[PDB]
Amino acid sequence: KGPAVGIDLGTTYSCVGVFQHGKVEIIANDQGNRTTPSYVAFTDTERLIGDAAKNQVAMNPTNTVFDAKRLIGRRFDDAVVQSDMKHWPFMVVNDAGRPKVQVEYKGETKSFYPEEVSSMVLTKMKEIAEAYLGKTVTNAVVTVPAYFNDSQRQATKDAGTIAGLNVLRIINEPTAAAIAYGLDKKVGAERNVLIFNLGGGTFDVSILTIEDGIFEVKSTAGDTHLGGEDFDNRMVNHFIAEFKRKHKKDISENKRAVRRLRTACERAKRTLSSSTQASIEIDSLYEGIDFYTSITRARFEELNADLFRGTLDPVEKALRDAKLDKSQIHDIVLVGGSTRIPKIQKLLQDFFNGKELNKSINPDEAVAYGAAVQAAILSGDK
Ligand SMILES: Nc1ncnc2c1ncn2[C@@H]1O[C@H](COP(=O)(O)OP(=O)(O)OP(=O)(O)O)[C@@H](O)[C@H]1O
């Protein structure tokens, strides 16, 4: 046989986990990262996927694809698609109602369906697993947001099929997280769980009611255009202003300088979740000018204060829809890389009047973790 894996196919980052000997292994990639960007890039000589693709976006903007999760299973005439595409640096065409990403690979013009792009990311996760396990991976459980309709779930299933993966089941991300913490164990009564998911580009809030192991999504709220990337932006715009003030040079026009600065910001942001300040060191940011400076956790929180605070509005709504009070929810689990931000943790905890948050499992790995367990039971290994 071969172990069934659990795969989190996120908008910005993906993750693969496997259940073995009662424990879940979150598999690190070639670069030793526990999560890998959902990026694909096409050049004159090759197809790059994951870290290698993200690590060269500043050079190949028009041929570096991302955000395929926003297209998958949708129609070209979709209002969502129409709005979104006005921001992607890559081409999106209409092939008989179905949207397609168009890129140049080896001088030749090629187009791909969103599911084909996602299959590429899925193939990378699969080989990462296989490289770790030292055996071929066939069966898998792939996750999807609770709000995905049948077409989107269909497309996600298909993306898996072309990747050579036998998708055992498509389960919701909120359910995957709950299972990771064992909140699916049959107790004697009804359990209301609140899943607070803030990733790279999306924000979801789901309230689940678990009784006899059976889940029931009572409500969902959030924002599909609020994520860790928005926090990076605030830093970027802040440093562009600082560069301009200190050097009288506006670097906004130079798409490369900006993208390089953003990469520095996103990294400094992570450090800020553990330290109180981080330094930005960028050689030749603009012209021959090096950009050496730093931010504090204090300044960082200030730059995103409105964004952090507004995160509570969707929480209030989810509650009222589900017709529950703060006191009625028994468990709160954090999901998504962005929830590692201290201020966000304080803000949510304060809202739930001190209630302890579930966050012992890396928030950005929780979904894969749960999927891996679910895969195990479905396979017959648990
Ligand atoms: N220590 C940290 N502090 C803050 N943000 C972090 C930290 N570690 C990772 N991140 C951020 O988390 C985000 C990635 O989150 P995650 O890996 O959960 O995304 P995902 O599921 O692909 O995203 P999405 O919710 O957009 O589909 C990025 O914005 C990254 O900068």
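Residues numbered from 1 in each chain as written, not as in the entry; some residues may be left out. Heavy atoms only, no water.

Looking at the entry header, you'll see X-ray crystallography listed as the method and 2.17 Å as the resolution.

### Description of the packing of helix α3 (residues 114–133) against helix α4 (residues 150–162)
Geometrically, a packed helix pair is captured by the angle between its two axes and the distance between the axes. In contact at an axis separation of 8 Å, α3 and α4 are set at 55° when each is read in the N-to-C sense. By the angle between their directions, the pair α3 and α4 is classed as oblique. Judged by the twist between their axes, the crossing of α3 over α4 is right-handed. Mapping the contact onto sequence places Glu115, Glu116, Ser118, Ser119 and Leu122 in α3 and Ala155, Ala159, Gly160 and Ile162 in α4. (Axes fitted to C-alpha atoms, helices over the stretch in contact; angles between N-to-C directions. Helix = DSSP H or I, 4+ residues; strand = E, 2+ residues; numbered from the N terminus. Parallel < 35°, antiparallel > 145°, perpendicular 65-115°, else oblique. Left-handed = near helix turned anticlockwise from the far one by under 90°. Contact = heavy atoms within 4.5 Å.)

### Considering the site of the ligand
Close to the ligand lie 20 residues, the nearest being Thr11, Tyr13, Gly201, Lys269 and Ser273. In the model, an oxygen atom of the ligand is placed 2.9 Å from a nitrogen or oxygen of the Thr202 side chain. Among the elements of the structure, α6 (228–247) and α7 (255–272) are those that each provide at least two residues to the shell around the ligand. At three residues, α7 tops the list of elements feeding residues into the shell around the ligand. Split by residue class, the shell around the ligand holds two nonpolar, 12 polar and six charged. (Near = heavy atom within 4 Å. Polar contact = N/O pair within 3.5 Å; in protein donor to acceptor, adjacent residues only side chain to side chain. Nonpolar A, V, L, I, M, F, W, Y, C, P; charged D, E, K, R; others polar.)

### Points about the layout of surface pockets
A probe matching the size of a water molecule, rolled over the atoms, marks out where space remains unfilled. A volume near 320 Å³ is recorded for the second largest pocket. The wall of the second largest pocket is formed by 20 residues, among which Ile179, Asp184, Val373, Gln374 and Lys382 lie closest to the centre. Secondary-structure elements contributing two or more residues to the lining of the second largest pocket are β3 (23–26), β12 (166–172), α5 (173–180) and α12 (366–379). When residues of the lining of the second largest pocket are assigned to their parent elements, the largest contribution, four residues, is made by α12. A class-by-class count of the residues in the lining of the second largest pocket yields 10 nonpolar, five polar and five charged. (1 Å grid on protein atoms, 1.4 Å probe; cavity = no way out; pocket = protein on both sides within 12 Å on 5 of 7 lines; lining within 4 Å. Points joined across faces, edges and corners; volume = space filled by probe spheres on them.)

### What to know about the packing of α5 against α12
With their axes 7 Å apart at the nearest point, α5 and α12 run at an angle of 75° to one another. Taken together, the axis directions place α5 and α12 in an arrangement best described as roughly perpendicular. Of the residues in α12, those touching α5 at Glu173, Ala176, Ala177, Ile179 and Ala180 are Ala366, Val367, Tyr369, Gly370, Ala371, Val373 and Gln374. Classifying every residue of the contact of α5 with α12 gives nine nonpolar, two polar and one charged.

### Side note on the domain arrangement of the protein
Taken domain by domain, the protein holds domain 1 (2–65 + 121–185 + 359–379), domain 2 (66–120), domain 3 (186–226 + 311–358) and domain 4 (227–310). Centre-to-centre separation of domain 2 and domain 4, based on C-alpha positions: 30 Å. (Domains from an automatic or database assignment.)

### Some thoughts on the pattern of salt bridges
Summed over the entire model, instances satisfying the criterion amount to 26 salt bridges. Across the pair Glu302 and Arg299 runs a salt bridge whose closest N-O atoms are separated by 2.7 Å. Of this pair, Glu302 and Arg299 both sit in helix α8 (residues 297–303), three residues apart, which is roughly one turn of that helix. In this structure, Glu356 engages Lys355 in a salt bridge whose closest nitrogen and oxygen atoms are separated by 2.8 Å. (Salt bridge = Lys/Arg side-chain N within 4 Å of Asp/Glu carboxyl O.)

### Quick word on the pairing of strand β17 (residues 289–296)
In regular strands, side chains alternate between the two faces of the sheet. Of the pairings in the sheet, the one linking strand β16 (residues 277–286) to β17 comprises seven bridges and is antiparallel in character. Among the inter-strand pairings, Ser279 is bridged to a residue of β17, identified as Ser294. Counting the residues between successive antiparallel strands, the hairpin from β16 to β17 contains two residues, one of them, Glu287, with a positive phi of roughly 60°. (Pairing = 2+ DSSP bridges.)

### Focus on the environment of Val193
In this fold, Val193 is placed in strand β13 (residues 191–198). Between the alpha carbons of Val193 and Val217 there is a distance of 9.5 Å; along the sequence they are 24 residues apart. Not counting chain neighbours up to four residues away, the residues in contact with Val193 comprise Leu183, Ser206, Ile207, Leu208, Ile210, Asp331 and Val333.

### Quick notes on empty space enclosed by the protein
Under the definition given, this model contains four cavities of 30 Å³ or more. In this structure, the largest cavity encloses a volume near 70 Å³. Forming the boundary of the largest cavity are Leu9, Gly10, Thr11, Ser38, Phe66, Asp67, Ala68, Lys69, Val117, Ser118 and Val121. It is α3 that contributes the most residues to the lining of the largest cavity, three residues altogether. For the lining of the largest cavity, a count of residues per class yields five nonpolar, four polar and two charged. Estimates place the volume of the second largest cavity at around 40 Å³. Forming the boundary of the second largest cavity are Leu9, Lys69, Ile72, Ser118, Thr143, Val144, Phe148 and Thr156. Tallied by class, residues from the lining of the second largest cavity come to four nonpolar, three polar and one charged. Looking at which domains feed residues into the lining of the second largest cavity, each of domain 1 (2–65 + 121–185 + 359–379) and domain 2 (66–120) gives three or more.

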